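Just one chain is shown here, as structure tokens, and it is the form deposited in one PDB entry.
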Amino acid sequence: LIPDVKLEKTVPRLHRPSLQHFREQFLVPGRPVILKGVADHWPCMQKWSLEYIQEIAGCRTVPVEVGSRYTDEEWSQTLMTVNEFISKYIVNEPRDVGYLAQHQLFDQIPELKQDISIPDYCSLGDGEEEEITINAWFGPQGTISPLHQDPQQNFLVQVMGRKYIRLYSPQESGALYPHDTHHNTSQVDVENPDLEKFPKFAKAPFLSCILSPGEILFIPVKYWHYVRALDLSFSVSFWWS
């Protein structure tokens, strides 16, 4: 099912905003934004199909997550070839949901680095271009990344399919009942909250969006984010500082 994003506050969308504007209105204040017209002509957008990914990467071994990431004990990873993953969790009637998440596929397969680029906005950071972490997120409809926060800025680029994303600023942490302050994860199920056990969550303000191919979501450092895939999906994240 597709959530109704127009009833919720939508993440603003901007087409190729200037570096200065992005820095002053978004990076410095820590405000989410969607960048349009930047990655939509990346080669990956037209080249990366299920067939092409299976052809180039199908023999390489990757980690595959299964379980709810709400707690360490609730999930685990299995190392398997890309072909095995595609067969078991995408094409054949998947009883369980499997997710090739948070994997540095582009270090494993440098050719794929030719199909993507580093966003120009990353040059506004302090860190170097070499310490930027590029992660692949490839999985079926229905994958869910529970509400959590990360210690770096993020550009999340959608290549294949659509994702529903909810964002809560760092100043809402109280209403999100973190498991452990010291990357931190919420105890709440965004789309099915226990309203007795988590009363403060109902009124917490948030932004939401459906991110589609060619769009980039800027997730400010330590902004809380929740992600559900709406279709067979492939995203590329850029963690930078």
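Note that the rigid core is defined as the largest set of C-alphas that superpose within 1.5 Å between two forms. One rule holds for the numbers: they count along the sequence shown, beginning at 1.
Not pictured, yet referred to below: the form deposited in another entry.
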Original post:
Among 131, 74, 107, 120, whose C-alpha is off by 2 Å or more between the shown form and the other one on a rigid-core fit?
Top reply: 74
Original post:
Taking the shown form as reference, are the C-alpha positions of residue 99 and residue 70 brought closer or pushed farther apart in the other entry, with a change of 3 Å or more?
Top reply: closer
**OP:** Say whether the C-alpha atoms of residue 72 and residue 143 sit closer together or farther apart in the other entry than in the form shown here, given that their separation changes by 3 Å or more.
**Re:** closer
